[PDB]
Amino acid sequence: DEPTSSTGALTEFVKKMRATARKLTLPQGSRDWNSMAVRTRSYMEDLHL
Amino acid sequence: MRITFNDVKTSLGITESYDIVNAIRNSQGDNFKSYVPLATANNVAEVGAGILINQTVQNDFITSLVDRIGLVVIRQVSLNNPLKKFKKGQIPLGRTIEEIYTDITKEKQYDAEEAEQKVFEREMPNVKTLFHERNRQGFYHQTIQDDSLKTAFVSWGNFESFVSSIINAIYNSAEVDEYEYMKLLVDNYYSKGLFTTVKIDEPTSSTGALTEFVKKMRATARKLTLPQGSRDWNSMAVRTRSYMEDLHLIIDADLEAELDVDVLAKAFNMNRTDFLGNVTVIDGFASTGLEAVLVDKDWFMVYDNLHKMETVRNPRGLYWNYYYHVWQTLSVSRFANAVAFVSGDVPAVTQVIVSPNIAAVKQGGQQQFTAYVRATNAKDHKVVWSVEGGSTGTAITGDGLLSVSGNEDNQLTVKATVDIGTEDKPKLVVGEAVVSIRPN
Amino acid sequence: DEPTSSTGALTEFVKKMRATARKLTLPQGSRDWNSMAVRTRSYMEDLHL
Amino acid sequence: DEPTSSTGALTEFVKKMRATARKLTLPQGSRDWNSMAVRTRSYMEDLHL
């Protein structure tokens with residue numbers, strides 16, 4: 001919605017980011033987060049925001 | 001036998017939302033003014049994403065020569081199934097596995113008068129048995145034309161890395177397939193309906209719903225780990241008890257993030273609120289309302305029977321065929337406790353949150369309140385602002401601006417209300433904020 | 001207004017007291033805190049309430 | 001808005017100050033915080049409030 005609109009939206013943005021990072025860093029991997037649609041995997045120490 | 005590609009456009013599967021080059025060109029004081037001083041911006045942007053098909057290109061100085069390839073990189077990945085910790089041991093070749101369970105008996109009245117003839121009578125122990133059988137039999141097949149692949153590489157290291165990448169891929173496919181089979185086990189159990197259902201609200205819609213879901217899960221785990229045992233938490237009911245160290249809870253990333261953002265952080269000494277059992281994070285559930293599943297370590301009865309690899313060679317074709325055969329048995333135990341934790345439908349609007357929860361304003365100052373509505377649907381609803389306890393002259397406008405009268409000694413309660421019901425029957429969702437009045 | 005009227009009045013009094021102590025302790029001194037209108041400065045360990 | 005009108009405005013002022021300080025401290029520089037626009041850079045240890 002908006003990060004700076006309200007605290008209720010800032011916390012929602014934080015929750016969404018945390019969920020996205022957790023599902024990005026999954027042992028089984030996924031192909032829903034790249035333009036090649038290839039089954040890949042990422043790491044927490046390698047992710048940059 | 002040469003394969004050539006002609007006049008292939010650079011942007012094959014690119015659907016541009018907007019032309020960045022055109023925006024930079026026709027930028028007048030907007031956010032694109034930063035790229036104006038750049039001189040090679042168009043050339044950078046036209047091949048920044050990457051080109052799928054390579055075309056031979058002569059260099060600038062001598063048209064006869066052709067530009068070469070200066071670097072080759074190979075990408076390798078490794079995938080594992082987090083549910084692998086639920087695997088049991090290995091049975092080499094014994095088809096079918098038998099599970100036994102002896103139940104309790106009833107109490108009898110003592111009577112020596114009738115205990116003279118019924119000494120020899122029998123009483124069956126009331127035993128219950130079930131069986132599991134092999135149900136997974138698959139193989140992965142892949143060919144490698146090593147002799148024909150030597151033209152595409154210059155050094156031997158790249159060739160070896162490519163072969164190792166192929167092997168890694170054939171392993172990763174098996175890993176992901178095993179993970180999907182393990183998830184399909186739980187999906188099948190829920191479809192058959194042998195789970196013990198628990199009706200909850202949607203934990204991701206409101207904070208109160210999440211807290212009540214946490215309370216329900218904690219109570220369920222406490223009554224599961226009881227010394228006396230119970231028959232209410234498993235199919236084909238039998239008196240059994242679990243252990244806290246043996247219980248396992250399976251949730252998803254959205255629920256984990258909402259729990260540890262909205263609840264765990266805002267709660268002091270969160271050891272009294274975190275999940276009791278072990279927590280495992282998976283990639284959602286295929287069922288409609290299945291949110292989290294609470295089972296026991298003995299619930300899974302996955303065994304493996306064969307994990308073999310064979311290689312054959314075709315001298316006429318000059319290639320290798322690799323086969324990876326996986327034979328497994330996938331089954332679950334009906335004597336183990338299981339809780340489904342399902343939820344029903346949700347309303348259009350769940351809750352309204354005012355950004356300043358508590359505030360203090362003077363006797364002449366003004367305050368601004370912002371309302372955030374947690375609506376599941378894509379529609380939007382307008383809010384109505386009101387003040388419950390206040391004097392004359394203190395009022396809130398329709399935009400959320402609260403003005404305080406020049407003199408009052410009371411606590412202000414600013415409320416934002418959203419009406420989702422129909423006419424003649426209003427249903428309201430109210431978000432409150434507490435405002436204090438400092439003297440002037 | 002009144003120290004004991006309400007919590008808001010009490011905290012306003014606390015803020016006023018702290019600000020007055022700070023501006024009394026400022027090194028450059030002031031002529032606005034004595035009956036002789038003379039430039040002088042006080043000390044935190046020498047101020048009594 | 002006003003530091004003294006309400007407690008929320010004080011927090012908003014603190015947020016604005018912190019954002020401004022970070023923007024000043026940004027390494028690549030910015031020509032939007034000085035009387036004559038030159039691409040300049042500041043340091044947190046050198047910033048005084």
# chains A, B, ... in the order shown; residues from 1 in each chain; ligands from 1
>>> select_by_dssp(residues="chain D", states="helix (DSSP H, G or I)", output="ChimeraX atom specification")
/D:7-25
>>> interface_residues(of="chain C", to="chain B", cutoff="10 Å", atoms="only C-alpha atoms", output="NGL selection string")
:C and (1-2 or 5-12)
>>> write_last_selection(atoms="C-alpha atoms", output="PDB file, in the first residue's frame")
ATOM      1  CA  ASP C   1      -1.272  25.486  36.316  1.00  0.00           C
ATOM      2  CA  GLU C   2      -1.171  23.009  39.225  1.00  0.00           C
ATOM      3  CA  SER C   5      -4.377  18.718  39.070  1.00  0.00           C
ATOM      4  CA  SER C   6      -3.649  16.000  36.497  1.00  0.00           C
ATOM      5  CA  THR C   7      -0.891  13.927  34.925  1.00  0.00           C
ATOM      6  CA  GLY C   8      -0.562  16.359  32.023  1.00  0.00           C
ATOM      7  CA  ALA C   9      -0.128  19.299  34.383  1.00  0.00           C
ATOM      8  CA  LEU C  10       2.395  17.319  36.440  1.00  0.00           C
ATOM      9  CA  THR C  11       4.512  16.428  33.411  1.00  0.00           C
ATOM     10  CA  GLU C  12       4.286  19.999  32.091  1.00  0.00           C
TER      11      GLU C  12
END
>>> atom_distance(atom1="CA of residue 3 (chain A)", atom2="CA of residue 17 (chain A)")
11.4 Å
>>> residues_around(residues="residue 23 (chain D)", least_positions_apart="4", cutoff="10 Å", atoms="only C-alpha atoms", output="count of residues only")
11
>>> residues_around(residues="residue 206 (chain B)", least_positions_apart="2", cutoff="12 Å", atoms="only C-alpha atoms", output="list in words")
residues 8 and 12 of chain A; 201, 202, 203, 204, 208, 209, 210, 211, 212, 213, 255, 258, 259, 262, 263, 346, 347, 349, 350, 351, 352, 353, 373, 374, 375, 376 and 429 of chain B
>>> calpha_fit_and_write(fixed="chain D", moving="chain A", output="PDB file with N, CA and C atoms, in the first residue's frame")
ATOM      1  N   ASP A   1       5.589  20.870  11.802  1.00  0.00           N
ATOM      2  CA  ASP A   1       4.374  21.436  12.378  1.00  0.00           C
ATOM      3  C   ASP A   1       4.677  22.200  13.662  1.00  0.00           C
ATOM      4  N   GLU A   2       5.130  21.492  14.696  1.00  0.00           N
ATOM      5  CA  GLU A   2       5.525  22.091  15.964  1.00  0.00           C
ATOM      6  C   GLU A   2       6.187  21.029  16.831  1.00  0.00           C
ATOM      7  N   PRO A   3       7.290  21.340  17.499  1.00  0.00           N
ATOM      8  CA  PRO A   3       7.940  20.328  18.343  1.00  0.00           C
ATOM      9  C   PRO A   3       7.213  20.101  19.660  1.00  0.00           C
ATOM     10  N   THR A   4       6.664  21.166  20.241  1.00  0.00           N
ATOM     11  CA  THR A   4       6.076  21.113  21.573  1.00  0.00           C
ATOM     12  C   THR A   4       4.553  21.073  21.558  1.00  0.00           C
ATOM     13  N   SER A   5       3.931  20.967  20.381  1.00  0.00           N
ATOM     14  CA  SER A   5       2.473  20.937  20.325  1.00  0.00           C
ATOM     15  C   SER A   5       1.924  19.633  20.890  1.00  0.00           C
ATOM     16  N   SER A   6       2.486  18.504  20.471  1.00  0.00           N
ATOM     17  CA  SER A   6       2.010  17.201  20.915  1.00  0.00           C
ATOM     18  C   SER A   6       3.108  16.172  20.687  1.00  0.00           C
ATOM     19  N   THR A   7       2.932  15.005  21.311  1.00  0.00           N
ATOM     20  CA  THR A   7       3.878  13.910  21.119  1.00  0.00           C
ATOM     21  C   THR A   7       3.864  13.415  19.679  1.00  0.00           C
ATOM     22  N   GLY A   8       2.686  13.392  19.052  1.00  0.00           N
ATOM     23  CA  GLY A   8       2.584  12.978  17.664  1.00  0.00           C
ATOM     24  C   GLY A   8       3.302  13.894  16.699  1.00  0.00           C
ATOM     25  N   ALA A   9       3.481  15.162  17.064  1.00  0.00           N
ATOM     26  CA  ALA A   9       4.282  16.078  16.264  1.00  0.00           C
ATOM     27  C   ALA A   9       5.753  16.047  16.650  1.00  0.00           C
ATOM     28  N   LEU A  10       6.054  15.805  17.929  1.00  0.00           N
ATOM     29  CA  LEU A  10       7.444  15.662  18.347  1.00  0.00           C
ATOM     30  C   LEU A  10       8.101  14.462  17.674  1.00  0.00           C
ATOM     31  N   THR A  11       7.390  13.333  17.608  1.00  0.00           N
ATOM     32  CA  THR A  11       7.948  12.163  16.938  1.00  0.00           C
ATOM     33  C   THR A  11       8.102  12.398  15.439  1.00  0.00           C
ATOM     34  N   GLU A  12       7.181  13.147  14.827  1.00  0.00           N
ATOM     35  CA  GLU A  12       7.324  13.485  13.415  1.00  0.00           C
ATOM     36  C   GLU A  12       8.546  14.363  13.182  1.00  0.00           C
ATOM     37  N   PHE A  13       8.781  15.328  14.072  1.00  0.00           N
ATOM     38  CA  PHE A  13       9.975  16.162  13.965  1.00  0.00           C
ATOM     39  C   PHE A  13      11.242  15.332  14.120  1.00  0.00           C
ATOM     40  N   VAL A  14      11.237  14.381  15.057  1.00  0.00           N
ATOM     41  CA  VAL A  14      12.400  13.512  15.245  1.00  0.00           C
ATOM     42  C   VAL A  14      12.655  12.687  13.989  1.00  0.00           C
ATOM     43  N   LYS A  15      11.590  12.126  13.411  1.00  0.00           N
ATOM     44  CA  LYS A  15      11.725  11.339  12.188  1.00  0.00           C
ATOM     45  C   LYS A  15      12.279  12.187  11.051  1.00  0.00           C
ATOM     46  N   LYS A  16      11.757  13.406  10.897  1.00  0.00           N
ATOM     47  CA  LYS A  16      12.228  14.285   9.834  1.00  0.00           C
ATOM     48  C   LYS A  16      13.696  14.639  10.023  1.00  0.00           C
ATOM     49  N   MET A  17      14.103  14.940  11.260  1.00  0.00           N
ATOM     50  CA  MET A  17      15.504  15.263  11.505  1.00  0.00           C
ATOM     51  C   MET A  17      16.397  14.074  11.182  1.00  0.00           C
ATOM     52  N   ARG A  18      15.997  12.874  11.613  1.00  0.00           N
ATOM     53  CA  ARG A  18      16.823  11.695  11.373  1.00  0.00           C
ATOM     54  C   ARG A  18      16.956  11.412   9.882  1.00  0.00           C
ATOM     55  N   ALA A  19      15.854  11.524   9.137  1.00  0.00           N
ATOM     56  CA  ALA A  19      15.918  11.330   7.692  1.00  0.00           C
ATOM     57  C   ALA A  19      16.807  12.377   7.035  1.00  0.00           C
ATOM     58  N   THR A  20      16.691  13.637   7.466  1.00  0.00           N
ATOM     59  CA  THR A  20      17.510  14.697   6.888  1.00  0.00           C
ATOM     60  C   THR A  20      18.989  14.459   7.157  1.00  0.00           C
ATOM     61  N   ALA A  21      19.332  14.047   8.377  1.00  0.00           N
ATOM     62  CA  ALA A  21      20.728  13.762   8.695  1.00  0.00           C
ATOM     63  C   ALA A  21      21.250  12.584   7.883  1.00  0.00           C
ATOM     64  N   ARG A  22      20.433  11.538   7.729  1.00  0.00           N
ATOM     65  CA  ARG A  22      20.874  10.378   6.960  1.00  0.00           C
ATOM     66  C   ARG A  22      21.108  10.739   5.498  1.00  0.00           C
ATOM     67  N   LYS A  23      20.211  11.527   4.901  1.00  0.00           N
ATOM     68  CA  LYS A  23      20.419  11.910   3.508  1.00  0.00           C
ATOM     69  C   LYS A  23      21.532  12.940   3.354  1.00  0.00           C
ATOM     70  N   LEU A  24      21.814  13.726   4.395  1.00  0.00           N
ATOM     71  CA  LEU A  24      22.994  14.583   4.377  1.00  0.00           C
ATOM     72  C   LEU A  24      24.272  13.755   4.364  1.00  0.00           C
ATOM     73  N   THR A  25      24.322  12.701   5.175  1.00  0.00           N
ATOM     74  CA  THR A  25      25.508  11.848   5.260  1.00  0.00           C
ATOM     75  C   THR A  25      25.415  10.687   4.267  1.00  0.00           C
ATOM     76  N   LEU A  26      25.370  11.041   2.984  1.00  0.00           N
ATOM     77  CA  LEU A  26      25.323   9.977   1.992  1.00  0.00           C
ATOM     78  C   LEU A  26      26.635   9.906   1.220  1.00  0.00           C
ATOM     79  N   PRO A  27      27.116   8.694   0.927  1.00  0.00           N
ATOM     80  CA  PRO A  27      28.420   8.572   0.249  1.00  0.00           C
ATOM     81  C   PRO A  27      28.477   9.261  -1.102  1.00  0.00           C
ATOM     82  N   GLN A  28      27.386   9.232  -1.869  1.00  0.00           N
ATOM     83  CA  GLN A  28      27.382   9.863  -3.183  1.00  0.00           C
ATOM     84  C   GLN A  28      27.261  11.379  -3.109  1.00  0.00           C
ATOM     85  N   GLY A  29      26.765  11.915  -1.999  1.00  0.00           N
ATOM     86  CA  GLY A  29      26.630  13.347  -1.839  1.00  0.00           C
ATOM     87  C   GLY A  29      25.412  13.900  -2.554  1.00  0.00           C
ATOM     88  N   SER A  30      25.147  15.178  -2.296  1.00  0.00           N
ATOM     89  CA  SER A  30      24.029  15.869  -2.920  1.00  0.00           C
ATOM     90  C   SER A  30      24.312  17.362  -2.910  1.00  0.00           C
ATOM     91  N   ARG A  31      23.601  18.084  -3.776  1.00  0.00           N
ATOM     92  CA  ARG A  31      23.728  19.533  -3.877  1.00  0.00           C
ATOM     93  C   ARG A  31      22.429  20.246  -3.520  1.00  0.00           C
ATOM     94  N   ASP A  32      21.534  19.577  -2.800  1.00  0.00           N
ATOM     95  CA  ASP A  32      20.237  20.135  -2.445  1.00  0.00           C
ATOM     96  C   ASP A  32      20.217  20.778  -1.065  1.00  0.00           C
ATOM     97  N   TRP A  33      21.362  20.869  -0.384  1.00  0.00           N
ATOM     98  CA  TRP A  33      21.400  21.343   0.993  1.00  0.00           C
ATOM     99  C   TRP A  33      22.453  22.426   1.194  1.00  0.00           C
ATOM    100  N   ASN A  34      22.722  23.227   0.166  1.00  0.00           N
ATOM    101  CA  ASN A  34      23.650  24.340   0.300  1.00  0.00           C
ATOM    102  C   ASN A  34      23.275  25.424  -0.699  1.00  0.00           C
ATOM    103  N   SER A  35      23.740  26.641  -0.424  1.00  0.00           N
ATOM    104  CA  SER A  35      23.401  27.795  -1.245  1.00  0.00           C
ATOM    105  C   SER A  35      24.293  27.948  -2.470  1.00  0.00           C
ATOM    106  N   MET A  36      25.351  27.151  -2.592  1.00  0.00           N
ATOM    107  CA  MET A  36      26.178  27.160  -3.792  1.00  0.00           C
ATOM    108  C   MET A  36      25.774  26.094  -4.800  1.00  0.00           C
ATOM    109  N   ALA A  37      24.846  25.206  -4.438  1.00  0.00           N
ATOM    110  CA  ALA A  37      24.374  24.142  -5.324  1.00  0.00           C
ATOM    111  C   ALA A  37      25.536  23.319  -5.872  1.00  0.00           C
ATOM    112  N   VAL A  38      26.484  22.993  -4.997  1.00  0.00           N
ATOM    113  CA  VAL A  38      27.663  22.218  -5.359  1.00  0.00           C
ATOM    114  C   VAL A  38      27.539  20.831  -4.741  1.00  0.00           C
ATOM    115  N   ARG A  39      27.993  19.820  -5.477  1.00  0.00           N
ATOM    116  CA  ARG A  39      27.896  18.431  -5.032  1.00  0.00           C
ATOM    117  C   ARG A  39      28.904  18.201  -3.914  1.00  0.00           C
ATOM    118  N   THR A  40      28.426  18.214  -2.671  1.00  0.00           N
ATOM    119  CA  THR A  40      29.276  18.099  -1.495  1.00  0.00           C
ATOM    120  C   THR A  40      28.796  16.935  -0.633  1.00  0.00           C
ATOM    121  N   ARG A  41      29.511  16.700   0.466  1.00  0.00           N
ATOM    122  CA  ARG A  41      29.226  15.588   1.360  1.00  0.00           C
ATOM    123  C   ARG A  41      29.602  15.990   2.779  1.00  0.00           C
ATOM    124  N   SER A  42      28.860  15.465   3.748  1.00  0.00           N
ATOM    125  CA  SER A  42      29.077  15.754   5.160  1.00  0.00           C
ATOM    126  C   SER A  42      29.329  14.455   5.922  1.00  0.00           C
ATOM    127  N   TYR A  43      29.599  14.591   7.219  1.00  0.00           N
ATOM    128  CA  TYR A  43      29.898  13.456   8.081  1.00  0.00           C
ATOM    129  C   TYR A  43      29.096  13.553   9.371  1.00  0.00           C
ATOM    130  N   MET A  44      28.795  12.385   9.947  1.00  0.00           N
ATOM    131  CA  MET A  44      28.002  12.340  11.172  1.00  0.00           C
ATOM    132  C   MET A  44      28.736  12.995  12.334  1.00  0.00           C
ATOM    133  N   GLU A  45      30.037  12.734  12.465  1.00  0.00           N
ATOM    134  CA  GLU A  45      30.816  13.345  13.534  1.00  0.00           C
ATOM    135  C   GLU A  45      31.035  14.836  13.320  1.00  0.00           C
ATOM    136  N   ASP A  46      30.769  15.349  12.120  1.00  0.00           N
ATOM    137  CA  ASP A  46      30.919  16.767  11.828  1.00  0.00           C
ATOM    138  C   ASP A  46      29.600  17.525  11.848  1.00  0.00           C
ATOM    139  N   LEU A  47      28.468  16.831  11.759  1.00  0.00           N
ATOM    140  CA  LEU A  47      27.172  17.487  11.851  1.00  0.00           C
ATOM    141  C   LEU A  47      26.893  17.928  13.282  1.00  0.00           C
ATOM    142  N   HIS A  48      26.312  19.117  13.424  1.00  0.00           N
ATOM    143  CA  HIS A  48      25.950  19.671  14.722  1.00  0.00           C
ATOM    144  C   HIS A  48      24.511  20.158  14.675  1.00  0.00           C
ATOM    145  N   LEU A  49      23.730  19.795  15.689  1.00  0.00           N
ATOM    146  CA  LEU A  49      22.331  20.187  15.794  1.00  0.00           C
ATOM    147  C   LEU A  49      22.156  21.118  16.984  1.00  0.00           C
TER     148      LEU A  49
END
